[PDB]
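S.K.: Provided hereafter are the protein sequence and its experimental coordinates.
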Amino acid sequence: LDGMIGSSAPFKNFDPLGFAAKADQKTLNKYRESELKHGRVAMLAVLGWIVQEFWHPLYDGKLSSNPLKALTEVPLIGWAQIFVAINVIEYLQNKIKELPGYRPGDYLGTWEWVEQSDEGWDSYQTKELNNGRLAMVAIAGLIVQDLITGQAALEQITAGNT
Amino acid sequence: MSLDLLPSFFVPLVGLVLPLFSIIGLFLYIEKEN
Amino acid sequence: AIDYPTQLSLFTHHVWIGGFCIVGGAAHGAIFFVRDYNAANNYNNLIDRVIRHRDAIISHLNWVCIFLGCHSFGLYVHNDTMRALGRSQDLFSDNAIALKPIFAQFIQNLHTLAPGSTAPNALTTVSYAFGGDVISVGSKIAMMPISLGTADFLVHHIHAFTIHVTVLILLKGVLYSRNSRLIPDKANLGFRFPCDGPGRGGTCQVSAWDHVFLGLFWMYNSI
Amino acid sequence: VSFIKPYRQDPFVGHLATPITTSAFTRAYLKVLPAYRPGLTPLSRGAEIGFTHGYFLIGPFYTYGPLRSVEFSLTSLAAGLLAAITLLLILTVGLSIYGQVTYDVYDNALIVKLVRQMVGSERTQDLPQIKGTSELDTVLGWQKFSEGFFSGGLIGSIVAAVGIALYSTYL
Amino acid sequence: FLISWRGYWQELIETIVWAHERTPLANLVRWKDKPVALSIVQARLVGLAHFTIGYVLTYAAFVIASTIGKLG
Amino acid sequence: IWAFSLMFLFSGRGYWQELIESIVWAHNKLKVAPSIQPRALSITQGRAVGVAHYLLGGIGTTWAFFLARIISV
Amino acid sequence: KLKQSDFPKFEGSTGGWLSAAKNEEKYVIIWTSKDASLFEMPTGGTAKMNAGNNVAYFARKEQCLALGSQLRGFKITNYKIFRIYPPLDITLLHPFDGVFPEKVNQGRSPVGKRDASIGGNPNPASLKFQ
Amino acid sequence: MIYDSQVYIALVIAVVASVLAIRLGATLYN
Amino acid sequence: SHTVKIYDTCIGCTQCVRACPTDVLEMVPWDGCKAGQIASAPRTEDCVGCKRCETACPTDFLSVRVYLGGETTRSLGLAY
Amino acid sequence: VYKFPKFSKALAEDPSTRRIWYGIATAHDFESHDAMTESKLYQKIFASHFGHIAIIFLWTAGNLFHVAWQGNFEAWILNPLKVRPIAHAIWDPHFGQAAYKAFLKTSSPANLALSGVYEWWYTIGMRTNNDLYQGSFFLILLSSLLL
Ligand code: CLA
Ligand code: CLA
Ligand code: CLA
Ligand code: CLA
Ligand code: CLA
Ligand code: CLA
Ligand SMILES: CC1=C(C/C=C(\C)CCC[C@H](C)CCC[C@H](C)CCCC(C)C)C(=O)c2ccccc2C1=O
Ligand code: SF4
Ligand code: SF4
C-alpha cells in the first residue's frame, strides 16, 4: 500500500483491511519478506505436489503418489537433512539481511546493480509476487482438498470429484 | 624377524617415505631465496 | 538394415563429414573475428560481451575438459589396472562397481511406451532401438533394442569429453583470434600466421588457424 | 537494468561484478566460511577447516577403498580412517612447506604501515611489498593454521568414523 | 608434445592463472614461480622423451611377452 | 601416409631449408638449378600438409579396416 | 559509474590486469581525443573514448603500445605511456624525449652498435670461460 | 639361503657406502 | 633480458623501430649511411624477443640482431 | 625462486617455472656454468666419473645380492634347461589374490630374469648363493673405494 513493487491492474495497492496504512517502514519490510517467502515456498510446494503425483522416481518407486501420505513415508532421516538445509539457507538469509542497502525480499543483492530501477525490473518483481500469491492460494486449496476428499490433484480431477 | 619380512618392511618405507622427504627437501631447496 | 556394410559406411561417412564441417564452421567464425569484425559496430552487444569475458569461458571449459577426461579415461585406466592386478570386483563393470545410465534408460522406456500413451495414434515405437521386438529380415537382424549398461556410460562420457576438448580448442581460437595477454595486436597479424616469434618464451601456433589445426586433430580423435 | 558491471568501478581489472562474484548471497556465504569468518584466530580457522575436511575425507576412502564391505566391517572403517589421517598428514606437510617458503612476517597489518611511513630502504619483500594484511599471511599465522588443520583433521576423521559406525550399526 | 607447439599453451595457462586468481578459498594460496608454458626446446625434448620411452617400453613388452607366450 | 604426416608435424622449416641448400649446391654444380628458387614449405603450409596427411592416413586406415571387416562378416 | 571521469567508457573485461599489476608494476597510457570514438581494447572488447582527457591502465607495456598504435588510426598522436611501480613511481616510457622513436632526434646516443657486419663476430671457441 | 647376519652386514656396509656418496655429493657442491 | 645489437650495415630505413611492439629500438643520428640515421637499442629491458625487428630488416644478413638470454616477467610477456 | 640453479645466475633470476625446468636440464653442462674455469671443469668431470663408476658397481652388486637372496640360482644350476631364472621377489600391495598366484614362484611372487646374469655367472664359475653374496660385498666395497 505504498510505492512498493507488487501493485497490479486488478486491485492496485490491495490493502482492503488497512494492514499497511498504519504500519511503519520496518513492519512493511517484514510483511514483504513474509509474502515473498510464502510465495516462493508455495510455488515450490505446488510444483512438487503435481510432479510427485505423476512422477516419483526416487525411493525406488513406493512413497505413495498422494501427498500428505508420502509426508509420513520419507525415512525421517531424509526429513532431518531437508530441515537442516532449509535452516542453513535461512541462517545465510539472516546474515544477508544485515548487509548494507538490504531490501526486504532481495537475497541476490540486486540493489548493488539496480540503482534507479526500470519498469521491466518492477514488472518482473511484480510477476514473481503475483505468481507467488497464486501459488499460495493454489497450495492452500490443494492441501484442503486432499484433506477433505482424500484424493490428490490429478486424481480428483481425473475421476471428476469437482 | 625373518628375512621374508624385509620386503614388507622396506618397500613401503622406500617407495612412500623416501618420496615424501625427498619432495620436502627438493621443494624447500628450489623455493629458497637469497 | 540387413546390409551391414552399407549401414556402417553410411554412419561413419556422415559422422566424418559432420565433424569436418563443424571444424570448418569454427574456422570461419575465427576468420570472421579476425577480418570482418568491427569493434565500433558491435558496442556492448553479444559478441562484445563474449570477448569481454573470454577468460572465464575458456577457464571453465578447461576445467570441464580436465574433469571429463580425468573421469572417463581414468575410469578406463582404473578398469585396466584392476584387471591387470587380478582384482575383477574392483572394476567399473556391471558385475562390479556399476555406473548405470539411468537417465538414458528412462528415456528409452518413455519411447517404447509412447505408442498408445503419449503418441496415441502410433502403432509402434519410432525405433526398435528404444525397445520392443527383434526385427529380422531373412534371418538377419534389422533392428533390436540397444541395451545401455556401464560400458555405454563410459563411452558416452568419453564422447562428451572429446567433444568438449574440441570445442575448447576451437572456441579458444575464435575468442583469442584478435588479441590476448601474449599478443595484444594478434588481429594485425591476420588469421593465418605461424607465430609472433621465439620471444615471450615462445609464441608458436598462436593464430587462430593453428587452432583449427589442433581442433582438426581432436575432431579426428573424437570421431 | 544491467546485472554485470566493472568491479569496484575499475574497468581495467581482470574481473567483473557479476551476480555471482558480488551478490549478497555470495558475500554472506563466504563471510560465514572459516577462511573468512570474522573473529577467528588462525588456529581456529585451521581447526574448523581440518575438522570439515577430515570429516568428508574419510567418506570416499572407507566407501570405495581396497578393503570395502557391503556390510559394516571394523577393518574397512579402520582402513578408511588411517587413509584419511595420512592424507591429512600429507596436506599438513604441504601447508607447512608452503608457509615456510611463502611468508617472512610475524605481525602483519603493521609492517606495511611502518614502511609506508618510516621508509623501507632495505632489501624489500619483507619490510616493503607484503601481499595481504590478514593474520593468515604471517609465518606465525600460517604455522598455527597448519597446526589447527592437522589437529582438526584428526578429530573430524575420528568423529566421522564414529558416526559411520553408529549409522551402520544402529540403523 | 610434438604436434602441438607453444603459444597455444601459454594462453590456456593464462586463462588458468586468471581462474585461480579470481576464485575464493583458493586466493589464499598463490604460486611463487609464475606458471608458464614449456619452452620450445624443452617441449621438443619432452616430446622426444615421451616418444622414446613409450617406444622402448612397448617394444620390450612385446618382444619379451611374445617370446615367452609363443615358445612356452 | 599417417606415418608420413609425422615428418611434417614433428619437424621444422629451418632443417629442410638448409638441406635444400646443399641439394641446390649440387644442382648448381651440375648447372641444373631451377630459376624458380626451391624453398621449403612455409611453417603454416608444413602444418597444413601434416594435418592433411594425418587425417587422410587415419581415416583411410579406419575406412579399410571397417570395410574389410564388415564385408567379410 | 567509474572511478575517474577520464577513464574510457569501458564496461570492464576479465582480461585486464591481475595481482601482478599491484605489487610489481602497472602501465598507464594517457591521450586527448577530439571525439568520443569507439575503439577496441587491447585486453577485451570495445570501449568509448572521452572527448578530452583519456587515461587507461594496463599490465604490460606491449598492451599500452598496441593501444597507442591503434590510436594512430584515429589521427591521435599525443598519447604517452608511463610505468608505475607498486607505489606511485611514475616514469615516462614511450615518448622518451618527446619525439617518437621512428623519427631521429638530436641528443640520442647509439646503444648496442657494433662497428662491423655480422661476419666480424668473434669465434665462440675464443669466448670460452669468461 | 643367506642368513640374517649376511644380509644385515651387507645392509650396514651399504649404509657406509651411502655416507660416502653424500660426502661426494656435497663435495660436488650444492 | 635479451640482447639486441645493431651493425653498421644499417641503412636507416626505420622499419625495425616502427615494428618493435615494446618500444625497444629508436633512430639516432649517424654518418655511416645516406639517411644519416642508425637504429639503437637503449631499452632492451623491454625486449620481448618476438624478433619482429629483424623480420622488417632489408639489409642482406640483418643489421639488428636479437640474442635471446635471461628471462624476465617483461621479456616473457607475462601479464600476470 | 632463487638459489636452485646455483650454477646459473641468469636462470636464478627467472620469475617463472622455466627456472626449475632449465635448472634440471643444464646441471651437467658444466662449461656453461657461472664463474667457470677449465681446471674446475676437468676436476668436476673427474669426480663425476668416480661417482658414476660407483653407481655402476652398486647396480651390479644389487643384481648379485637380489639373485643370491630371492633368486633360484642354486636350483637353476642342477637343471639349467628347465628351471627359469628368477630376478627378484615382488612385494606390491596392489596385487589381488589372482596376481599373487600367477606371479608366485617357489616361495614368493617373483620376476623371471631376462638379463642372462644366471648363465654369465654360471659360466665364470659360480655355483652357490654364497658366491654371489661375496661378489655383492666386494662390489659394494669397490663402490666405497670409488666414492
Ligand atoms: C516445498 C517444496 C517441496 C517439498 C517439501 C517436497 C517434498 C518431497 N518431495 Mg518434492 N518436489 C518439489 C518440491 C518439494 N518437494 C519440486 C518443486 C519438484 C519438481 C522438481 C519436486 C519433485 C519431486 C520428485 C520427482 C520426487 C519428490 C519427492 C518428495 C518427497 C521425498 C523427498 C525427496 O526426495 O524430494 C525430492 C525433491 C526433488 C528431486 C526436487 C527438489 C528441488 C528443490 C525443491 C528446489 C531447490 C531447493 C533449494 C535447496 C532451496 C532453495 C534455494 C533458494 C530459493 C533459497 C517429499 C515428500 C519424491 C517422492 O517420494 O515423491 C512422492 C520424488 O520422487 N519431489
Ligand atoms: C642399485 C642397486 C639396487 C637396486 C636397483 C635395487 C632394487 C630393489 N631392492 Mg635392493 N639392495 C641392493 C641394491 C639394489 N636394490 C643392495 C646392494 C642391497 C644390500 C644392502 C639391497 C637390499 C635390499 C633389501 C633388503 C630389500 C631390497 C628391495 C628392493 C626392491 C624394492 C626397493 C627397496 O626397498 O629398496 C631398499 C634397498 C635397500 C635398503 C638397500 C639400498 C640399495 C642400494 C645399496 C642403494 C643404491 C642407490 C642407487 C645406486 C642410486 C640411488 C638413487 C637415489 C639418490 C634416489 C627393488 C627391486 C626390497 C625387496 O626385495 O622387495 C621385494 C627389500 O626388502 N633391497
Ligand atoms: C612404492 C610405492 C607404493 C606403495 C608401497 C604403495 C602402497 C599402497 N597403496 Mg599406493 N600408489 C602409489 C605408490 C605406492 N603405493 C602410486 C605411485 C600411486 C599412483 C599411481 C598409487 C595409488 C594408489 C591408490 C589409488 C590406492 C593405493 C593403495 C595402496 C595401499 C594398498 C591397498 C591396501 O591393501 O592397503 C589398505 C590400506 C590401509 C589399511 C591403510 C593405509 C593408509 C596409509 C598408507 C598407512 C600409512 C601409515 C603411516 C606411517 C601413518 C603416519 C602417521 C600418521 C598417523 C600421522 C598401500 C598402502 C590403496 C589404498 O589403501 O588407499 C589408501 C588405494 O586405494 N595406492
Ligand atoms: C594419449 C595421448 C594424449 C593424452 C593423454 C592427452 C591428454 C589431454 N589433452 Mg591432448 N593431444 C594429444 C594426445 C593426448 N592428449 C595429441 C597427439 C595432440 C596433438 C594434436 C593433443 C592436443 C591437445 C590440445 C590442443 C588440447 C589437449 C588437451 C588435453 C587435456 C584434456 C583435459 C584432460 O582430460 O586432462 C585430464 C588428463 C588425462 C585424461 C590424462 C590421463 C590422466 C589420468 C587418467 C588420471 C590422473 C592420473 C594420476 C594423476 C597419476 C598420478 C601418479 C603419477 C604422479 C605417477 C588432457 C591432458 C586440452 C587441454 O589443455 O586440456 C583442457 C587441449 O586444449 N590436447
Ligand atoms: C578419475 C579417474 C579415477 C577414478 C574416479 C578412480 C576411482 C577409484 N579408484 Mg582408481 N585409478 C585411476 C583412476 C581413477 N580411479 C588410475 C588412472 C589408476 C592407475 C594409476 C588407478 C589406480 C587405482 C588403484 C591401484 C586403486 C584405485 C582405487 C580406486 C577407488 C578408491 C579410490 C579412493 O581412495 O578414493 C579417494 C577419494 C577421495 C579422497 C575423494 C576424491 C573425490 C571427491 C569426492 C571429489 C568431490 C568433489 C566435490 C563434489 C566438489 C563440490 C564440493 C561442494 C561442497 C561445492 C575408487 C573407486 C582403489 C580400489 O581398490 O578401489 C576399488 C585402489 O586400490 N585406483
Ligand atoms: C607399429 C605399430 C603400429 C602403428 C604405429 C599403427 C598405426 C595406426 N593404426 Mg594400427 N595396427 C597394428 C600396428 C600399428 N598400427 C597392428 C599390428 C594391428 C593389428 C592388425 C593394427 C590394427 C589396426 C586397426 C584395426 C586400426 C589401426 C589404426 C591405426 C591408426 C591410428 C591413427 C591414430 O592417430 O590413432 C588415434 C587413436 C585413437 C583414436 C584411439 C585408438 C583406439 C583405442 C585403443 C580405443 C580406446 C578408446 C576408448 C573408448 C578410450 C579412448 C579415450 C580417448 C580416445 C579419448 C594408425 C595409422 C586405426 C585407425 O584407422 O585409426 C584409429 C584402426 O582402425 N590399426
Ligand atoms: C619434408 C618437409 C619439407 C620439404 C617438402 C617439400 C619441399 C615438398 C616437396 C613437394 C614436391 C616438390 C611436390 C609433390 C610431389 C609428390 C610426389 C606429389 C604428391 C603425391 C600425389 C599423389 C598427390 C618442408 O618444407 C617442411 C616445412 C615445415 C615442416 C616440415 C617440413 C617437412 O617435413
Ligand atoms: S618456433 Fe615459434 S617462432 Fe620459431 S619458428 Fe616455429 S613458430 Fe615461428
Ligand atoms: S624483439 Fe625485436 S621487436 Fe620485439 S622488441 Fe626486442 S627488438 Fe623490438
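M.R.: Great, that's in hand. Numbers count the residues shown, from 1 in each chain, chains lettered A, B, ... in the order given. Ligands and ions are numbered 1, 2, ... in the order given.

S.K.: what about the helix or strand where residue F:18 lies and ligand 7, touching?
M.R.: Following DSSP states H and E, one finds residue F:18 within helix F:13-29. Yes: Helix F:13-29 lies within reach of ligand 7 by C-beta under 6 Å from any ligand atom, at F:13, F:16. The C-beta positions use only the backbone N, C-alpha and C, and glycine is treated the same way.

S.K.: Contacts (any at all) between chain C and that helix?
M.R.: No: counting by C-beta under 8 Å from any C-beta of the partner chain, chain C has no neighbours in helix F:13-29; the shortest distance is 8.6 Å.

S.K.: Which parts of the helix or strand following that helix count as buried, going by neighbours?
M.R.: Next in sequence after helix F:13-29, counting helices and strands by DSSP H and E, comes helix F:43-72. The neighbour-count check on helix F:43-72 (16 or more other C-beta atoms under 10 Å in any protein chain shown) flags F:43-44, F:46-51, F:53-55, F:57-59, F:70 as buried.

S.K.: ok, now stretch D:104-115?
M.R.: The neighbour-count check on stretch D:104-115 (16+ other C-beta under 10 Å) flags D:105, D:108, D:111-112, D:115 as buried.

S.K.: ok, now stretch J:116-127?
M.R.: Across stretch J:116-127, burial judged by 16+ other C-beta under 10 Å covers J:117-118, J:121, J:126.

S.K.: Check chain A for the residue nearest chain E and tell me.
M.R.: Distance from chain E to each residue of chain A (C-beta to the nearest C-beta) is smallest for residue A:92, at 15.2 Å.

S.K.: could you check whether the helix ranked longest in chain B is close to chain D?
M.R.: Of all segments of type helix in chain B, defined using DSSP state H, the longest is helix B:18-30. Yes: contact of helix B:18-30 with chain D (C-beta under 8 Å from any C-beta) involves B:20, B:24, B:27-28.

S.K.: and these, which are buried?
M.R.: Here, 16+ other C-beta under 10 Å leaves residue B:27 buried among the residues of helix B:18-30 next to chain D.

S.K.: And the residues of helix B:18-30 next to chain D, which is closest to chain F?
M.R.: Relative to chain F, and with distances defined as C-beta to the nearest C-beta, the nearest of the residues of helix B:18-30 next to chain D is residue B:27, at 33.9 Å.

S.K.: measure the spatially closest residue to the closest one that is not a sequence neighbour to chain I for me?
M.R.: Nearest-residue entry for residue B:27: residue D:97, 5.5 Å, with adjacent residues in sequence omitted and distances by C-beta to C-beta, 6 or more residues apart in numbering or on different chains. Using C-beta to the nearest C-beta, to the nearest Å, one gets 23 Å for the distance from residue D:97 to chain I.

S.K.: Wait, residue D:97 touches residue B:29, no?
M.R.: No: the criterion here is C-beta atoms under 8 Å, and residue D:97 misses it with residue B:29 at 10.9 Å.

S.K.: Residue 13: neighbouring residues, count only.
M.R.: Looking at chain A here, since you left the chain open. By the criterion of other C-beta atoms under 10 Å in any protein chain shown, residue A:13 has 13 neighbours.

S.K.: Not quite, go with chain F.
M.R.: 16.

S.K.: State the number of residues packed around the residue in chain E that ligand 6 sits nearest to.
M.R.: For chain E and ligand 6, the shortest gap (C-beta to the nearest ligand atom) falls at residue E:58, measuring 8.5 Å. For residue E:58, the count of nearby residues is 10 (other C-beta under 10 Å).

S.K.: same question, residue C:83
M.R.: 15.

S.K.: isn't there a strand covering it?
M.R.: No: Residue C:83: not assigned to a strand; according to DSSP: H, G, I helix; E, B strand; the rest coil it is helix.

S.K.: List the contacts of the spatially closest residue to it that is not a sequence neighbour.
M.R.: Spatially, and ignoring its direct neighbours in sequence, residue C:83 is nearest to residue C:91 (6.4 Å; C-beta to C-beta, 6+ apart). When contacts are counted by C-beta atoms under 8 Å, 6 or more residues apart in numbering or on different chains, residue C:91 is found next to C:78-79, C:82-83, C:97.

S.K.: Can you flag the buried ones in the residues you listed?
M.R.: By neighbour count, with 16+ other C-beta under 10 Å, the contacts of residue C:91 hold C:79, C:82, C:97 as buried.

S.K.: separation between residue E:16 and residue I:24?
M.R.: Applying C-beta to C-beta, to the nearest Å, the value for residue E:16 to residue I:24 is 29 Å.

S.K.: cool, and residue J:100?
M.R.: 66 Å.

S.K.: Among the two, which residue is more densely surrounded?
M.R.: Neighbour count, other C-beta under 10 Å: between residue J:100 and residue I:24, residue I:24 has more, with 27 against 15.

S.K.: coming back round to it: which SS class is the residue nearest to residue B:27?
M.R.: Strictly by three-state DSSP, residue D:97 counts as helix.

S.K.: what's the neighbour count on it?
M.R.: When neighbours are defined as other C-beta under 10 Å, residue D:97 has 17 of them.

S.K.: before we move on, what about residue G:125?
M.R.: The local packing of residue G:125 (other C-beta under 10 Å) involves 6 other residues.

S.K.: now swap in residue E:44 and tell me
M.R.: 16.

S.K.: Just list the residues touching it, thanks.
M.R.: Applying C-beta under 8 Å, 6+ apart to residue E:44 gives the contacts E:1-2.

S.K.: in what helix or strand does it lie?
M.R.: According to DSSP H and E, residue E:44 maps onto helix E:40-70.

S.K.: With that, I have no additional questions.
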